[PDB]
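Asks: Take this structure, written in structure tokens, and hold onto it; I'll ask about it next.
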Amino acid sequence: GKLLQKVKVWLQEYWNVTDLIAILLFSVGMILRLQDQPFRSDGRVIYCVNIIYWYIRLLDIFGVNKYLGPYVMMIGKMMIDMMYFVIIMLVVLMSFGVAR
Amino acid sequence: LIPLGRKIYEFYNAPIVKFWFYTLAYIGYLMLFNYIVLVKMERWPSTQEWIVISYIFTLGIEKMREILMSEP
Ligand SMILES: CC(C)CCC[C@@H](C)[C@H]1CC[C@H]2[C@@H]3CC=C4C[C@@H](OC(=O)CCC(=O)O)CC[C@]4(C)[C@H]3CC[C@]12C
Ligand SMILES: CC(C)CCC[C@@H](C)[C@H]1CC[C@H]2[C@@H]3CC=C4C[C@@H](OC(=O)CCC(=O)O)CC[C@]4(C)[C@H]3CC[C@]12C
Ligand SMILES: CC(C)CCC[C@@H](C)[C@H]1CC[C@H]2[C@@H]3CC=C4C[C@@H](OC(=O)CCC(=O)O)CC[C@]4(C)[C@H]3CC[C@]12C
Ligand SMILES: CCC1(c2ccccc2)C(=O)NCNC1=O
């Protein structure tokens with residue numbers, strides 16, 4: 001009943017909260033697009049960055065199928081292991097990079 | 001001043017505090033030694049380089065302390 005408790009229930013689903021961030025980002029992209037360039041050019045760019053999100057939301061739509069669905073939640077768990085790969089790679093990459 | 005001063009002393013002697021305060025000085029050292037090698041150096045060392053020169057020898061005295069103040 002409490003409005004803040006309704007909001008806290010909504011933030012629990014991660015695909016739902018990343019909807020509304022991309023909706024507000026597309027609104028910001030619209031208002032710039034409706035202005036004279038270069039404001040338009042940058043709101044073109046904001047439009048193309050929502051494309052990075054809205055194909056990835058097809059992963060959640062793909063979750064209904066009983067085979068691709070477990071495959072999608074498989075990907076999310078392996079990225080926690082991939083983060084530890086990213087940190088160890090980041091040391092070795094910048095050690096070669098600064099030295100070169 | 002006695003409850004507050006007991007808080008500062010017990011905090012800055014806790015081992016997790018003494019870790020992350022050597023760690024934010026190592027991650028502060030590594031940023032400085034990046035800047036001096038990427039940017040040019042002249043004949044005399046820069047202000048950034050002199051802090052790096054401090055960090056190496058003061059770590060050297062500490063590394064000798066670990067040898068001398070050991071168990072055998
Ligand atoms: C260890 C791994 C997993 C991650 C570390 C790699 C990234 C953090 C790096 C690799 C390529 C980098 C990009 C390579 C080139 C550019 C273009 C650069 O833009 C310009 O130089 C302006 C245009 C120009 O001058 O040509 C801005 C930084 C950026 C996006 C870099 C941002 C940082 C990136 C993504
Ligand atoms: C606690 C940890 C996580 C970070 C602590 C390190 C930073 C606070 C230091 C490390 C690298 C430093 C930078 C290294 C070199 C420079 C260039 C320096 O510019 C010059 O020496 C030439 C121009 C001038 O004299 O201002 C200005 C400070 C700055 C940005 C330093 C600002 C402070 C930095 C970011
Ligand atoms: C002790 C280290 C390992 C961690 C703590 C980081 C800071 C205390 C250091 C790191 C970078 C330093 C800066 C690097 C370079 C400069 C430029 C320097 O500019 C001049 O001296 C201008 C005149 C001149 O060129 O002689 C003034 C000090 C300052 C800001 C330094 C102030 C102290 C900083 C922020
Ligand atoms: C040079 C790294 C370090 C250190 C820092 C954090 C954790 C472990 C070691 C140090 O800064 N001084 C004491 N001994 C060391 O080797």
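Starting from 1 in every chain, residues are counted up; chains themselves are A, B, ... following the order of the structure tokens, and ligands are numbered from 1 as listed.
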Hey, which residues come within 10 Å of ligand 1 if we count only C-alpha atoms and all ligand atoms? Could you give them as a list in words?
Replies: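 Based on only C-alpha atoms and all ligand atoms, ligand 1 is surrounded within 10 Å by residues 82, 83, 85, 86, 87, 88, 89, 90, 91, 92, 93 and 94 of chain A.
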Asks: Once you have the residues from the selection above, write them out as a PDB file, in the first residue's frame, restricted to N, CA and C atoms.
Replies:
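File part.pdb, as written:
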```
ATOM      1  N   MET A  82      33.064 -14.308 -15.093  1.00  0.00           N
ATOM      2  CA  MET A  82      33.766 -13.537 -16.115  1.00  0.00           C
ATOM      3  C   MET A  82      34.268 -12.209 -15.563  1.00  0.00           C
ATOM      4  N   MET A  83      33.641 -11.708 -14.496  1.00  0.00           N
ATOM      5  CA  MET A  83      34.104 -10.484 -13.850  1.00  0.00           C
ATOM      6  C   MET A  83      35.467 -10.688 -13.200  1.00  0.00           C
ATOM      7  N   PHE A  85      37.662 -12.818 -14.247  1.00  0.00           N
ATOM      8  CA  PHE A  85      38.530 -12.835 -15.416  1.00  0.00           C
ATOM      9  C   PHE A  85      38.851 -11.420 -15.883  1.00  0.00           C
ATOM     10  N   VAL A  86      37.885 -10.501 -15.783  1.00  0.00           N
ATOM     11  CA  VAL A  86      38.087  -9.135 -16.272  1.00  0.00           C
ATOM     12  C   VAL A  86      39.071  -8.382 -15.381  1.00  0.00           C
ATOM     13  N   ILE A  87      38.992  -8.592 -14.062  1.00  0.00           N
ATOM     14  CA  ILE A  87      39.890  -7.898 -13.134  1.00  0.00           C
ATOM     15  C   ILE A  87      41.332  -8.374 -13.309  1.00  0.00           C
ATOM     16  N   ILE A  88      41.528  -9.690 -13.440  1.00  0.00           N
ATOM     17  CA  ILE A  88      42.877 -10.237 -13.588  1.00  0.00           C
ATOM     18  C   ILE A  88      43.455  -9.873 -14.954  1.00  0.00           C
ATOM     19  N   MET A  89      42.619  -9.909 -16.000  1.00  0.00           N
ATOM     20  CA  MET A  89      43.027  -9.403 -17.312  1.00  0.00           C
ATOM     21  C   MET A  89      43.333  -7.912 -17.310  1.00  0.00           C
ATOM     22  N   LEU A  90      42.690  -7.131 -16.440  1.00  0.00           N
ATOM     23  CA  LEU A  90      42.876  -5.683 -16.469  1.00  0.00           C
ATOM     24  C   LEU A  90      44.257  -5.293 -15.961  1.00  0.00           C
ATOM     25  N   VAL A  91      44.786  -6.054 -15.005  1.00  0.00           N
ATOM     26  CA  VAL A  91      46.142  -5.823 -14.519  1.00  0.00           C
ATOM     27  C   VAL A  91      47.163  -6.134 -15.607  1.00  0.00           C
ATOM     28  N   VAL A  92      46.993  -7.271 -16.281  1.00  0.00           N
ATOM     29  CA  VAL A  92      47.984  -7.744 -17.245  1.00  0.00           C
ATOM     30  C   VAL A  92      47.945  -6.887 -18.510  1.00  0.00           C
ATOM     31  N   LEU A  93      46.760  -6.378 -18.854  1.00  0.00           N
ATOM     32  CA  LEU A  93      46.605  -5.541 -20.038  1.00  0.00           C
ATOM     33  C   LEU A  93      47.221  -4.162 -19.827  1.00  0.00           C
ATOM     34  N   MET A  94      46.998  -3.562 -18.654  1.00  0.00           N
ATOM     35  CA  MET A  94      47.548  -2.230 -18.419  1.00  0.00           C
ATOM     36  C   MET A  94      49.024  -2.292 -18.051  1.00  0.00           C
TER      37      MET A  94
END
```
Asks: Set the cut-off to 10 Å, count only C-alpha atoms and all ligand atoms, and list whatever residues fall near ligand 3 as an MDAnalysis selection string.
Replies: chainID B and resid 22 24:33 35 46:55
Asks: Should the cut-off be 10 Å, what would the residue list for chain A against chain B look like, counting only C-alpha atoms, as an mmCIF file with N, CA and C atoms, in the first residue's frame?
Replies:
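So out_35.cif came out as:
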```
data_model
loop_
_atom_site.group_PDB
_atom_site.id
_atom_site.type_symbol
_atom_site.label_atom_id
_atom_site.label_comp_id
_atom_site.auth_asym_id
_atom_site.auth_seq_id
_atom_site.Cartn_x
_atom_site.Cartn_y
_atom_site.Cartn_z
ATOM 1 N N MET A 94 46.998 -3.562 -18.654
ATOM 2 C CA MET A 94 47.548 -2.230 -18.419
ATOM 3 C C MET A 94 49.024 -2.292 -18.051
ATOM 4 N N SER A 95 49.519 -3.455 -17.623
ATOM 5 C CA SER A 95 50.951 -3.585 -17.371
ATOM 6 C C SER A 95 51.724 -3.642 -18.680
ATOM 7 N N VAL A 98 51.035 0.259 -20.310
ATOM 8 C CA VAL A 98 51.832 1.359 -19.772
ATOM 9 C C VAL A 98 53.297 1.189 -20.154
ATOM 10 N N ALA A 99 53.800 -0.048 -20.097
ATOM 11 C CA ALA A 99 55.194 -0.310 -20.447
ATOM 12 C C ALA A 99 55.457 -0.079 -21.933
ATOM 13 N N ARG A 100 54.499 -0.421 -22.795
ATOM 14 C CA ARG A 100 54.707 -0.220 -24.227
ATOM 15 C C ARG A 100 54.630 1.253 -24.609
#
```
Asks: For residue 76 (chain A), which of A:4, A:9, A:64, A:59 is the closest residue, counting only C-alpha atoms?
Replies: A:59
Asks: Which one of B:14, B:1, B:36, B:61 sits closest to ligand 2 if you count only C-alpha atoms and all ligand atoms?
Replies: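 Closest candidate: B:36.
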Asks: Return as a ChimeraX atom specification the full set of residues in chain B whose backbone-based DSSP assignment is alpha helix (DSSP H).
Replies: /B:2-11,15-38,47-68
Asks: How far is it from atom 7 (C, counted along the ligand's line) of ligand 4 to CA of residue 64 (chain B), in Å with one decimal?
Replies: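 Those two atoms sit 16.2 Å apart.
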Asks: What is the CA of residue 21 (chain B) to atom 34 (C, counted along the ligand's line) of ligand 2 distance in Å?
Replies: 16.2 Å
Asks: In terms of the shortest atom-to-atom distance over only C-alpha atoms and all ligand atoms, which of B:17, B:39, B:68, B:59 is closest to ligand 2?
Replies: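 Closest residue, counting only C-alpha atoms and all ligand atoms: B:39.
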Asks: Would you work out the distance separating atom 35 (C, counted along the ligand's line) of ligand 2 from CA of residue 62 (chain B), expressed in Å to one decimal?
Replies: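 CA of residue 62 (chain B) lies 25.4 Å from atom 35 (C, counted along the ligand's line) of ligand 2.
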Asks: Need to verify the contact set: residue 32 (chain A), 12 Å, only C-alpha atoms, exclusion of same-chain residues closer than 5 positions in sequence. Can you return it as a list in words?
Replies: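 So, after excluding close chain neighbours, the residues are residues 25, 26, 27, 37, 38, 39, 40, 41, 42, 43, 44, 45, 46 and 47 of chain A.
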